[PDB]
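S.K.: One structure is given below, represented as structure tokens, and several questions about it will come after.
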Amino acid sequence: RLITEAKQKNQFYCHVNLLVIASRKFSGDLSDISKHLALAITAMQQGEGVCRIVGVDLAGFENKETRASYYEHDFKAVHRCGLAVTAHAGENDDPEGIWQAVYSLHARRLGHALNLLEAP
Amino acid sequence: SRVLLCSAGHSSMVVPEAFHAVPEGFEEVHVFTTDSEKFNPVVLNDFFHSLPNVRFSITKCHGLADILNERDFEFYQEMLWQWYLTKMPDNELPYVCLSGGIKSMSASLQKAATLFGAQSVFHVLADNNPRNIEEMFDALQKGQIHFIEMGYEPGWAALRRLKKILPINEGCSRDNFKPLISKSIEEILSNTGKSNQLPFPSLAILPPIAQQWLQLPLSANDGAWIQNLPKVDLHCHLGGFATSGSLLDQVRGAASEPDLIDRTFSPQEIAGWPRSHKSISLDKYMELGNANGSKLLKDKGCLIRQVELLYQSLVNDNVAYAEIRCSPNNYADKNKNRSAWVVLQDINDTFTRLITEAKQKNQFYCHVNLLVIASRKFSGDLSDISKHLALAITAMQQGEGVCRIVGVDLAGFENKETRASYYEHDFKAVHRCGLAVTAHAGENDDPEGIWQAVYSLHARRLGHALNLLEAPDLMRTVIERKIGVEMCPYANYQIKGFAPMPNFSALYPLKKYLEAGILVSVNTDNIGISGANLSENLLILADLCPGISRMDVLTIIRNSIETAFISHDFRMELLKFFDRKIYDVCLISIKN
Amino acid sequence: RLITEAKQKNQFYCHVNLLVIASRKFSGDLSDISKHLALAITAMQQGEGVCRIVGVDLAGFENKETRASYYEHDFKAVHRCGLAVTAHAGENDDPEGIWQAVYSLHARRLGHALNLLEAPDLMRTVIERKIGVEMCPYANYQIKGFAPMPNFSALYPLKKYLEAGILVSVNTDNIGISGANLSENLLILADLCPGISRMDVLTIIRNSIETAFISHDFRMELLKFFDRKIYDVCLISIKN
RNA sequence: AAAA
Ligand SMILES: Nc1ncnc2c1ncn2[C@@H]1O[C@H](COP(=O)(O)OP(=O)(O)OP(=O)(O)O)[C@@H](O)[C@H]1O
Ligand SMILES: Nc1ncnc2c1ncn2[C@@H]1O[C@H](COP(=O)(O)OP(=O)(O)OP(=O)(O)O)[C@@H](O)[C@H]1O
Ligand SMILES: Nc1ncnc2c1ncn2[C@@H]1O[C@H](COP(=O)(O)OP(=O)(O)OP(=O)(O)O)[C@@H](O)[C@H]1O
Ligand SMILES: Nc1ncnc2c1ncn2[C@@H]1O[C@H](COP(=O)(O)OP(=O)(O)OP(=O)(O)O)[C@@H](O)[C@H]1O
Ligand SMILES: Nc1ncnc2c1ncn2[C@@H]1O[C@H](COP(=O)(O)OP(=O)(O)OP(=O)(O)O)[C@@H](O)[C@H]1O
Ligand SMILES: [Mg+2]
Ligand SMILES: [Mg+2]
């Protein structure tokens, strides 16, 4: 509605797309990842709209507890439907974890990841 | 009401002392007696017309005297039962006394009182055996005459529809007999776990005669009892309901945009439907329903009309719970901004609005839950099954509402490529979220396919699966894991062919499944395509599985309740309601 | 022999079945689990006898090192043969481990698992799949500690489990170590889980029958006899 | 076959 009403009066408007965060909790109810992935998959099917869901975010603690090497099975369907994958790598991003996120999770965008220079 | 019935023999003075039983007198009195001339109606008449408000009548059985023969006794019993049924008050049980006469007709009257109900069975006795009217007059004035009451009797609540279906029979002879009670009594036990398989514990409080009428084999004449029963349907496709006929016509008429619909196409008809004499292939069966479905339910109006008509058919069949299978993607299109999600939401909203409207008016309503069908390799890329799974998962999270999505449905084409052993990674999420899984594995699938469905997909129900006998280990693992199986007698009979299918020897294994303990259920698959609702689907078991009993029908209903994808609290509430309703109908359906 | 000689004189007898514990030692000889599984599978083939092997138990310390995320390859065969699996998830049973036991290990009945209250999804799965939980009142009360034991405010979850719909069975674990038989284990619930009723005890017995590893015909016969005996004892108690 |  905001984008459409800004376009109606012909002024500057910020096109906005949405990313559904698949947060890691590990304090129980780990089905939150599945719920978020399914919600994003069926939300992208809206079709119309200037604003639309374009992908998912791999937020949560980036520790070894919930890295990207465990959930390729979940994300095969996400890649099948056409949703891009973004991985948070702000803290304790071991090079092997980032490599797994790139190659097993097929992430097309890495969050932060300021320690890439250590692994050529 | 407040009626006496009594048996008059040599001494007719039993009728007045029976009349004086209560401390306020009665309203009507009728006495049945044999044809012997020893009994004097004049004594009863002179005692009785002094009270004109009391209607008195005498019935005599022609051709019977002293009842010294077995044929005499059977004729007297038949006549006395008919007379009791004719003089049965409409709403209230009558009073009856059996002090007079020999043991034969007294025991006959007691048995009749047990069979057709009696407000109070009592006995009258006196020390001096009064003969003249002043004799028992003085006896009752002093108090010598005592009233003997061995206890109230409720009788069997409904056995009076025999009066409706049998005529008055004023002119009778030695030919028109009804051995309908003797046959039940003989077949009580003339034939292990059948006695302990008692479902709906209130069935125990049923009359013993009713309890063993339930033990008698099911017959095609039990249609009214089957229809009046509250039933459960777990395999009912939404699309294959209004396939052809008037329902299809009105569904087409209620379209929002009638121009785009194709009213020209009609499905080919098989002679003898629904009791087809030739096997039909699965693709031909699906094509039989091409009139309705994806090519017609695209518009909102047709879908809403189909949902409303399906709910009306369900509630008109006395189905108290149903699990409708739907494929929202098949009725979705981006042309008018109609995704699968909004189609599913339309179905859910229509169902919940109908249920709430029917419940507010305090009418019988069918709680309906939805299953999202996840076809595999249907429209090209395999992303369709993942999209269906995600849609079902997201549809669960609605939470508030009467109708809710409870599980998903699967279908594998032939073997190998789509059986059960490839998508565990997909189904890990569907199991985490809480959805249930049902498999359509009935396409002559290998026992390994059923095994993978049971273990790899953790399916809680199996579609059809009529070939479990060849794999005893499969039967053992299905029974042990309490995995219910859903079979549609009409669809399975038409597609596969079961006796009395012409040129076919295979028998329906539903009876053997019930004996082995499988949580079997009876469903409809597609109502429109098969042309048979749940009632006749249950009724056809009298021919598909000869020797099945009414207890087996109630056990099938109980298994349908147990295997339904519902929460424990809701399951307990549904079980309580089903038990009460089943007791109510079984009390008032053995009448015929 | 004991059961047959009890039946011959026509007295009360206790039909017993055996569970082969798939124990863990980890001080060497890791093939012990495989040997136990094979022994149970072969012993099931005996066929005859009133007492027969009906399943296996995943006993031993349940630390994360030996959770149910590995031995699926072992237990595929045991599921194929027809042996039920019981998981001894007493201590340190994280929800992920119990979930793996339910789905990866296909456990038909769990041991203890008193911490299902905190996990709602796990409870819903356990209720829906109709898998029993074996909680021993005296053993859990002594080890874990619940009310009315001093300095312990944790409440026993048996009443909540029964209310939710869990197929809960009351057991003994060890008659000697705990010092209480099954009757005392059922009796202690009067104060361990206040507000529990006698009909709830009958429900517990029914759940124990339903979750037992027995064939359908034997289960029906057992249920018939149990209904008979329960009716008799209830009538006797109410008439005296 | 102790209101035939
Ligand atoms: N915030 C924005 N403001 C203006 N135009 C945008 C903006 N974001 C994207 N555009 C693009 O500019 C065009 C919007 O205006 P329009 O489609 O009428 O063409 P235009 O007027 O020639 O371009 P412009 O608006 O830059 O002058 C679109 O091509 C649109 O993709
Ligand atoms: N016996 C079956 N075997 C395989 N697939 C089936 C069967 N019955 C139904 N289906 C599935 O249902 C759909 C076929 O019907 P359709 O697509 O037209 O809509 P429907 O609501 O499922 O049923 P219908 O339209 O016939 O009333 C397909 O997705 C199909 O996979
Ligand atoms: N189609 C139905 N018709 C009538 N009652 C149903 C139906 N389906 C379920 N029930 C049960 O009836 C009750 C619905 O009404 P409600 O939940 O308010 O309780 P209730 O009114 O006391 O019971 P009842 O409606 O049988 O008199 C529930 O117990 C429900 O399980
Ligand atoms: N699983 C069993 N099946 C049958 N009888 C059993 C079973 N277990 C114990 N019994 C014995 O049967 C009796 C329990 O049922 P019940 O009291 O009704 O006697 P019953 O039915 O005459 O014996 P049965 O069931 O062997 O024919 C007890 O004597 C009991 O020792
Ligand atoms: N809480 C438990 N967890 C795992 N295993 C257990 C547990 N309790 C008993 N066991 C099993 O019992 C055995 C431990 O003791 P042991 O091997 O000496 O035989 P036991 O007679 O069953 O017990 P014990 O002799 O120590 O009293 C092992 O088989 C072990 O797996
Ligand atoms: Mg079907
Ligand atoms: Mg133990």
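Each chain of the structure tokens is named A, B, ... in the order shown, its residues numbered from 1; ligands are numbered from 1 in display order.
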Near chain B, which residues of chain A fall within 7 Å when you count only C-alpha atoms, and what do they look like as an NGL selection string?

M.R.: :A and (31 or 34-35 or 38-39 or 41-42 or 45-47 or 73-74 or 77 or 80-81)

S.K.: Could you pull out the strand (DSSP E or B) residues of region 13-115 of chain A from DSSP and send them as a ChimeraX atom specification?

M.R.: /A:18-21,53-58,84-89,109-112

S.K.: What parts of region 91-331 of chain B does DSSP call helix (DSSP H, G or I)? I'd like the answer as a ChimeraX atom specification.

M.R.: /B:103-116,133-142,161-165,180-186,201-205,208-215,223-228,246-253,282-288,300-316,328-331

S.K.: Please return as number ranges by chain the residues found within 9 Å of ligand 4, counting only C-alpha atoms (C1' of nucleotides) and all ligand atoms.

M.R.: C: 6-7, 10-15, 218-229, 232

S.K.: Just want the residues within 9 Å of ligand 6, written as a PyMOL selection string, counting only C-alpha atoms (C1' of nucleotides) and all ligand atoms.

M.R.: chain B and resi 235-237+325+411+440+463-464+488+491+524-526

S.K.: Write the selection just made, keeping C-alpha atoms, as a short mmCIF file (atom, residue, chain, number, x, y, z; two decimals), in the first residue's frame?

M.R.:
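Saved file result.cif follows:
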data_model
loop_
_atom_site.label_atom_id
_atom_site.label_comp_id
_atom_site.auth_asym_id
_atom_site.auth_seq_id
_atom_site.Cartn_x
_atom_site.Cartn_y
_atom_site.Cartn_z
CA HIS B 235 -11.32 -41.05 2.58
CA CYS B 236 -13.61 -38.61 0.77
CA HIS B 237 -12.21 -36.65 -2.17
CA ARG B 325 -9.18 -34.63 0.84
CA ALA B 411 -0.13 -40.93 -4.11
CA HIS B 440 -2.78 -44.16 -1.25
CA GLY B 463 -5.37 -46.17 1.50
CA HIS B 464 -7.01 -49.37 0.26
CA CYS B 488 -13.76 -47.98 0.15
CA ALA B 491 -14.45 -48.13 -5.27
CA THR B 524 -16.35 -43.46 0.05
CA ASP B 525 -13.26 -42.45 -1.97
CA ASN B 526 -15.23 -40.39 -4.50
#

S.K.: Identify, counting only C-alpha atoms (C1' of nucleotides) and all ligand atoms, the protein, DNA and RNA residues located within 8 Å of ligand 2, and give them as a ChimeraX atom specification.

M.R.: /B:237-243,282,285-286,289-290,292-295,325-328,330-331,373-376,378,410-413,440,443,525-526,528-529

S.K.: Define the interface residues of chain C facing chain B as those within 10 Å, counting only C-alpha atoms, and report them as a compact mmCIF listing (two decimals) with C-alpha atoms, in the first residue's frame.

M.R.:
# COMPACT_ATOMS: atom_id res chain seq x y z
CA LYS C 76 16.23 -51.73 10.68
CA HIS C 79 12.01 -53.83 12.95
CA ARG C 80 11.86 -56.08 9.88
CA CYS C 81 11.81 -59.26 11.98
CA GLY C 82 8.96 -58.14 14.24
CA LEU C 83 10.55 -57.15 17.55
CA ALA C 84 9.26 -54.07 19.33
CA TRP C 99 12.14 -37.55 18.93
CA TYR C 103 10.96 -41.72 14.61
CA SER C 104 14.45 -43.01 13.77
CA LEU C 105 14.37 -45.90 16.28
CA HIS C 106 10.59 -46.48 15.90
CA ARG C 108 6.88 -48.32 20.52
CA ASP C 121 5.34 -30.72 20.32
CA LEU C 122 6.97 -33.87 21.67
CA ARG C 124 1.61 -34.05 20.87
CA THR C 125 3.65 -36.48 18.77
CA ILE C 127 -0.06 -38.75 22.09
CA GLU C 128 -0.89 -38.94 18.39
CA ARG C 129 1.42 -41.87 17.62
CA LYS C 130 0.05 -43.73 20.68
CA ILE C 131 3.38 -44.73 22.21
CA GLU C 163 -5.18 -35.86 31.44
CA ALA C 164 -3.39 -35.05 28.18
CA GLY C 165 -3.89 -38.56 26.81
CA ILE C 166 -0.47 -40.17 27.19
CA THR C 211 0.88 -50.69 25.11
CA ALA C 212 2.06 -54.23 25.90
CA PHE C 213 4.01 -56.06 23.19
CA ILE C 214 1.41 -58.75 22.51
CA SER C 215 -0.51 -60.07 19.52
CA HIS C 216 -4.04 -58.84 18.87
CA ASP C 217 -5.77 -62.12 19.75
CA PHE C 218 -3.82 -62.44 23.00
CA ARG C 219 -4.52 -58.78 23.75
CA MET C 220 -8.25 -59.34 23.30
CA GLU C 221 -8.20 -62.42 25.55
CA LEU C 222 -6.21 -60.52 28.18
CA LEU C 223 -8.61 -57.58 28.00
CA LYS C 224 -11.60 -59.89 28.44
CA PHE C 225 -10.04 -61.57 31.47
CA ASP C 227 -12.58 -56.85 32.51
